[PDB]
$ cat start27.tsv   # TSV, C-alpha atoms
chain	number	residue	atom	x	y	z
A	7	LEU	CA	-13.67	-11.88	-0.73
A	8	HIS	CA	-10.61	-13.87	0.27
A	9	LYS	CA	-10.31	-17.49	1.32
A	10	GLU	CA	-8.20	-18.17	4.40
A	11	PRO	CA	-6.95	-21.55	5.70
A	12	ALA	CA	-8.43	-23.06	8.80
A	13	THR	CA	-8.17	-26.41	10.55
A	14	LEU	CA	-11.14	-28.51	11.67
A	15	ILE	CA	-11.46	-28.86	15.41
A	16	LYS	CA	-14.98	-30.23	15.65
A	17	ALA	CA	-18.26	-30.24	13.70
A	18	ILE	CA	-21.08	-29.19	16.00
A	19	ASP	CA	-24.29	-29.16	13.99
A	20	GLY	CA	-25.45	-28.86	10.39
A	21	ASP	CA	-24.83	-25.11	10.60
A	22	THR	CA	-22.03	-24.66	13.15
A	23	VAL	CA	-18.40	-25.74	13.05
A	24	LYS	CA	-15.47	-25.13	15.36
A	25	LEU	CA	-12.26	-24.22	13.59
A	26	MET	CA	-8.72	-23.18	14.36
A	27	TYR	CA	-8.45	-19.86	12.58
A	28	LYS	CA	-5.24	-17.80	12.71
A	29	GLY	CA	-3.92	-19.70	15.72
A	30	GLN	CA	-7.06	-19.60	17.79
A	31	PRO	CA	-10.15	-21.75	18.25
A	32	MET	CA	-13.35	-20.11	16.95
A	33	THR	CA	-16.96	-21.19	16.35
A	34	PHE	CA	-18.38	-20.50	12.89
A	35	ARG	CA	-22.03	-20.10	11.86
A	36	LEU	CA	-22.49	-20.88	8.15
A	37	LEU	CA	-23.73	-17.77	6.29
A	38	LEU	CA	-27.09	-17.71	4.47
A	39	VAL	CA	-28.35	-21.15	5.47
A	40	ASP	CA	-31.21	-22.17	7.76
A	41	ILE	CA	-31.27	-25.84	8.92
A	42	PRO	CA	-33.80	-28.08	10.64
A	43	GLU	CA	-31.69	-27.52	13.79
A	44	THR	CA	-30.77	-30.32	16.18
A	45	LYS	CA	-29.77	-27.84	18.88
A	46	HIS	CA	-33.05	-26.41	20.20
A	47	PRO	CA	-34.14	-25.19	23.64
A	48	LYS	CA	-36.87	-27.85	23.77
A	49	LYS	CA	-37.90	-29.97	20.78
A	50	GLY	CA	-37.34	-33.54	19.58
A	51	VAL	CA	-34.56	-33.19	16.99
A	52	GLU	CA	-36.08	-31.36	14.00
A	53	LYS	CA	-36.92	-33.17	10.77
A	54	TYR	CA	-33.75	-33.46	8.64
A	55	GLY	CA	-31.63	-31.94	11.38
A	56	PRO	CA	-29.73	-35.19	11.94
A	57	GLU	CA	-29.16	-35.61	8.23
A	58	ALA	CA	-27.99	-32.00	7.86
A	59	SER	CA	-25.63	-32.37	10.77
A	60	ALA	CA	-24.24	-35.60	9.35
A	61	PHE	CA	-23.79	-34.06	5.95
A	62	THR	CA	-21.80	-31.12	7.26
A	63	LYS	CA	-19.75	-33.41	9.47
A	64	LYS	CA	-18.73	-35.77	6.68
A	65	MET	CA	-17.88	-32.92	4.37
A	66	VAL	CA	-15.50	-31.23	6.81
A	67	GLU	CA	-14.13	-34.39	8.43
A	68	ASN	CA	-13.20	-35.84	5.05
A	69	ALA	CA	-11.61	-32.71	3.60
A	70	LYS	CA	-7.86	-32.28	3.30
A	71	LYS	CA	-8.19	-28.49	3.09
A	72	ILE	CA	-10.68	-26.25	4.93
A	73	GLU	CA	-10.94	-22.58	4.03
A	74	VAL	CA	-13.02	-19.77	5.54
A	75	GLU	CA	-14.36	-16.85	3.56
A	76	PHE	CA	-15.74	-13.84	5.46
A	77	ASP	CA	-18.25	-11.63	3.60
A	78	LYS	CA	-18.22	-7.81	3.47
A	79	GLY	CA	-20.77	-7.27	6.21
A	80	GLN	CA	-20.62	-7.91	9.96
A	81	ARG	CA	-18.31	-10.83	10.74
A	82	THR	CA	-19.66	-12.14	14.05
A	83	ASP	CA	-23.13	-12.59	15.51
A	84	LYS	CA	-24.24	-11.64	19.02
A	85	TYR	CA	-23.04	-15.02	20.33
A	86	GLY	CA	-19.47	-14.45	19.07
A	87	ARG	CA	-19.70	-16.89	16.16
A	88	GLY	CA	-17.82	-15.96	12.98
A	89	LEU	CA	-20.17	-15.56	10.03
A	90	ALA	CA	-18.61	-17.12	6.96
A	91	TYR	CA	-18.69	-19.34	3.90
A	92	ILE	CA	-16.76	-22.55	4.59
A	93	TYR	CA	-15.01	-24.53	1.83
A	94	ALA	CA	-13.98	-28.19	2.02
A	95	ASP	CA	-11.45	-29.05	-0.67
A	96	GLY	CA	-12.63	-26.08	-2.71
A	97	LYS	CA	-16.32	-26.84	-2.38
A	98	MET	CA	-18.66	-24.54	-0.47
A	99	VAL	CA	-20.37	-26.34	2.40
A	100	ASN	CA	-23.09	-23.69	2.42
A	101	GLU	CA	-23.97	-24.31	-1.22
A	102	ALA	CA	-23.78	-28.15	-0.94
A	103	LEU	CA	-26.27	-28.20	1.89
A	104	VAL	CA	-28.74	-26.05	-0.05
A	105	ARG	CA	-28.17	-27.94	-3.29
A	106	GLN	CA	-28.88	-31.25	-1.51
A	107	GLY	CA	-32.16	-29.96	-0.07
A	108	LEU	CA	-30.81	-30.07	3.48
A	109	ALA	CA	-31.17	-26.30	4.13
A	110	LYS	CA	-33.09	-23.23	2.98
A	111	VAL	CA	-31.54	-19.91	2.04
A	112	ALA	CA	-31.85	-17.61	5.07
A	113	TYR	CA	-32.55	-13.87	5.07
A	114	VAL	CA	-29.46	-11.69	4.41
A	115	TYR	CA	-27.84	-10.62	7.72
A	116	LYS	CA	-26.13	-7.19	7.84
A	117	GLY	CA	-24.74	-6.83	4.28
A	118	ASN	CA	-23.54	-10.42	4.00
A	119	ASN	CA	-25.05	-11.33	0.64
A	120	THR	CA	-22.23	-11.95	-1.83
A	121	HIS	CA	-23.22	-15.56	-2.60
A	122	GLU	CA	-26.93	-15.09	-2.14
A	123	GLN	CA	-27.91	-15.56	-5.81
A	124	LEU	CA	-25.63	-18.57	-6.12
A	125	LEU	CA	-27.34	-20.12	-3.12
A	126	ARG	CA	-30.84	-19.14	-4.27
A	127	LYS	CA	-30.04	-20.83	-7.59
A	128	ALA	CA	-29.03	-24.00	-5.78
A	129	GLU	CA	-32.20	-23.90	-3.69
A	130	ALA	CA	-34.44	-23.64	-6.73
A	131	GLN	CA	-32.88	-26.75	-8.18
A	132	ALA	CA	-33.31	-28.72	-5.00
A	133	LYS	CA	-36.93	-27.75	-4.86
A	134	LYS	CA	-37.39	-28.74	-8.47
A	135	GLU	CA	-35.92	-32.18	-7.66
A	136	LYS	CA	-38.10	-32.44	-4.56
A	137	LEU	CA	-35.02	-33.15	-2.51
A	138	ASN	CA	-35.25	-34.00	1.20
A	139	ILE	CA	-36.82	-31.01	2.94
A	140	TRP	CA	-38.65	-30.32	-0.32
A	141	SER	CA	-39.88	-33.89	-0.67

$ encode --input "start27.tsv" --output "structure tokens"
Amino acid sequence: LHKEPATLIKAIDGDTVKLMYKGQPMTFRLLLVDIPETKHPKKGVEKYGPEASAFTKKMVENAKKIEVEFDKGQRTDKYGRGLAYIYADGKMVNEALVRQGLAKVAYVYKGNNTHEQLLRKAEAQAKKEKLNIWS
């Protein structure tokens, strides 16, 4: 896997970020995480969704360096979002969210599983600490 530079344009949600990637604007879905979504057809703003969205926001807004890492499977979903691991100053946003108890590890989508064990590891620890969603 290779990291590539990107530039923040806008954080959208705990799990979606808009980035300037290779000269063009692109929406990215974070790989292997499932959030208590704030963007839902008809709900009330899911429990921990606001905190997850704020966490992602602060992490990418505060970073000096954003990098994108595509996995070896399919690179976009049916909505045209890039499927990737995102790093903020060398730290994986996907893993931080899970480690902090602000996301669960999702099912593997189309061969994209390189950091699955790493994330499952992080999720175990958050559950063990009864963090946030696991409280």

$ closest_residue --input "start27.tsv" --among "A:118, A:62, A:22, A:123" --to "residue 77 (chain A)" --atoms "all atoms listed in the file"
A:118

$ atom_distance --input "start27.tsv" --atom1 "CA of residue 34 (chain A)" --atom2 "CA of residue 87 (chain A)"
5.0 Å

$ residues_around --input "start27.tsv" --residues "residue 35 (chain A)" --least-positions-apart "3" --cutoff "12 Å" --atoms "all atoms listed in the file" --output "ChimeraX atom specification"
/A:17-25,32,38-41,62,74-76,81-92,99-100,115

$ atom_distance --input "start27.tsv" --atom1 "CA of residue 73 (chain A)" --atom2 "CA of residue 95 (chain A)"
8.0 Å

$ closest_residue --input "start27.tsv" --among "A:130, A:37, A:58, A:102" --to "residue 114 (chain A)" --atoms "all atoms listed in the file"
A:37

$ residues_around --input "start27.tsv" --residues "residue 141 (chain A)" --least-positions-apart "5" --cutoff "10 Å" --atoms "all atoms listed in the file" --output "VMD selection string"
chain A and resid 107 132 to 136

$ axis_aligned_box --input "start27.tsv" --around "region 96-115 of chain A" --padding-each-side "4 Å" --output "JSON"
{"center_x": -22.9, "center_y": -20.9, "center_z": 2.2, "size_x": 28.5, "size_y": 28.6, "size_z": 19.0}

$ atom_distance --input "start27.tsv" --atom1 "CA of residue 116 (chain A)" --atom2 "CA of residue 36 (chain A)"
14.2 Å

$ residues_around --input "start27.tsv" --residues "residue 30 (chain A)" --least-positions-apart "4" --cutoff "12 Å" --atoms "all atoms listed in the file" --output "PyMOL selection string"
chain A and resi 12-15+24-26

$ closest_residue --input "start27.tsv" --among "A:94, A:139, A:112, A:124" --to "residue 55 (chain A)" --atoms "all atoms listed in the file"
A:139

$ closest_residue --input "start27.tsv" --among "A:10, A:68, A:53, A:104" --to "residue 137 (chain A)" --atoms "all atoms listed in the file"
A:104

$ build_atoms --input "start27.tsv" --residues "region 34-53 of chain A" --atoms "N, CA, C and O atoms" --output "JSON list (two decimals), in the coordinates of the input"
[["chain", "number", "residue", "atom", "x", "y", "z"],
["A", 34, "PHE", "N", -17.86, -21.16, 14.10],
["A", 34, "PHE", "CA", -18.38, -20.50, 12.89],
["A", 34, "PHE", "C", -19.81, -20.94, 12.60],
["A", 34, "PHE", "O", -20.09, -22.14, 12.66],
["A", 35, "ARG", "N", -20.66, -19.96, 12.35],
["A", 35, "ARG", "CA", -22.03, -20.10, 11.86],
["A", 35, "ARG", "C", -22.00, -20.02, 10.35],
["A", 35, "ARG", "O", -21.47, -19.09, 9.75],
["A", 36, "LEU", "N", -22.53, -20.99, 9.61],
["A", 36, "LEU", "CA", -22.49, -20.88, 8.15],
["A", 36, "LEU", "C", -23.40, -19.76, 7.64],
["A", 36, "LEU", "O", -24.58, -19.82, 7.98],
["A", 37, "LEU", "N", -22.91, -18.85, 6.81],
["A", 37, "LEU", "CA", -23.73, -17.77, 6.29],
["A", 37, "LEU", "C", -24.84, -18.26, 5.37],
["A", 37, "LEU", "O", -24.62, -19.18, 4.58],
["A", 38, "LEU", "N", -26.01, -17.66, 5.44],
["A", 38, "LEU", "CA", -27.09, -17.71, 4.47],
["A", 38, "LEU", "C", -27.78, -19.06, 4.44],
["A", 38, "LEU", "O", -28.50, -19.31, 3.46],
["A", 39, "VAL", "N", -27.59, -19.89, 5.47],
["A", 39, "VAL", "CA", -28.35, -21.15, 5.47],
["A", 39, "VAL", "C", -29.17, -21.22, 6.77],
["A", 39, "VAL", "O", -28.68, -20.78, 7.80],
["A", 40, "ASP", "N", -30.36, -21.78, 6.64],
["A", 40, "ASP", "CA", -31.21, -22.17, 7.76],
["A", 40, "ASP", "C", -31.60, -23.66, 7.64],
["A", 40, "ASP", "O", -32.25, -24.00, 6.66],
["A", 41, "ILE", "N", -31.20, -24.42, 8.62],
["A", 41, "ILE", "CA", -31.27, -25.84, 8.92],
["A", 41, "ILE", "C", -32.42, -26.22, 9.84],
["A", 41, "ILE", "O", -32.89, -25.41, 10.65],
["A", 42, "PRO", "N", -32.87, -27.46, 9.69],
["A", 42, "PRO", "CA", -33.80, -28.08, 10.64],
["A", 42, "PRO", "C", -33.04, -28.49, 11.91],
["A", 42, "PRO", "O", -33.01, -29.67, 12.26],
["A", 43, "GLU", "N", -32.46, -27.51, 12.57],
["A", 43, "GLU", "CA", -31.69, -27.52, 13.79],
["A", 43, "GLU", "C", -31.89, -28.76, 14.66],
["A", 43, "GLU", "O", -32.99, -29.27, 14.82],
["A", 44, "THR", "N", -30.78, -29.22, 15.22],
["A", 44, "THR", "CA", -30.77, -30.32, 16.18],
["A", 44, "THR", "C", -30.59, -29.75, 17.59],
["A", 44, "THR", "O", -31.01, -30.34, 18.58],
["A", 45, "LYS", "N", -29.95, -28.58, 17.64],
["A", 45, "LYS", "CA", -29.77, -27.84, 18.88],
["A", 45, "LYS", "C", -30.92, -26.85, 19.06],
["A", 45, "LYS", "O", -30.94, -25.79, 18.44],
["A", 46, "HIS", "N", -31.88, -27.23, 19.91],
["A", 46, "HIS", "CA", -33.05, -26.41, 20.20],
["A", 46, "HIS", "C", -33.42, -26.49, 21.68],
["A", 46, "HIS", "O", -33.38, -27.56, 22.27],
["A", 47, "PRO", "N", -33.77, -25.34, 22.24],
["A", 47, "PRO", "CA", -34.14, -25.19, 23.64],
["A", 47, "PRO", "C", -35.02, -26.32, 24.16],
["A", 47, "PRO", "O", -34.86, -26.75, 25.31],
["A", 48, "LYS", "N", -35.96, -26.79, 23.35],
["A", 48, "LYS", "CA", -36.87, -27.85, 23.77],
["A", 48, "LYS", "C", -37.70, -28.37, 22.60],
["A", 48, "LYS", "O", -38.76, -27.83, 22.29],
["A", 49, "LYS", "N", -37.21, -29.41, 21.94],
["A", 49, "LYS", "CA", -37.90, -29.97, 20.78],
["A", 49, "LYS", "C", -37.89, -31.50, 20.80],
["A", 49, "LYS", "O", -38.29, -32.13, 21.78],
["A", 50, "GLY", "N", -37.42, -32.09, 19.71],
["A", 50, "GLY", "CA", -37.34, -33.54, 19.58],
["A", 50, "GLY", "C", -36.37, -33.95, 18.48],
["A", 50, "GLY", "O", -36.38, -35.11, 18.07],
["A", 51, "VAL", "N", -35.56, -33.00, 18.04],
["A", 51, "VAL", "CA", -34.56, -33.19, 16.99],
["A", 51, "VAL", "C", -35.23, -33.11, 15.61],
["A", 51, "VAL", "O", -35.50, -34.15, 15.00],
["A", 52, "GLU", "N", -35.45, -31.88, 15.19],
["A", 52, "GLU", "CA", -36.08, -31.36, 14.00],
["A", 52, "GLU", "C", -35.88, -32.24, 12.76],
["A", 52, "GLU", "O", -34.82, -32.83, 12.55],
["A", 53, "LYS", "N", -36.93, -32.30, 11.94],
["A", 53, "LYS", "CA", -36.92, -33.17, 10.77],
["A", 53, "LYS", "C", -35.86, -32.72, 9.76],
["A", 53, "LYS", "O", -35.96, -31.60, 9.26]]
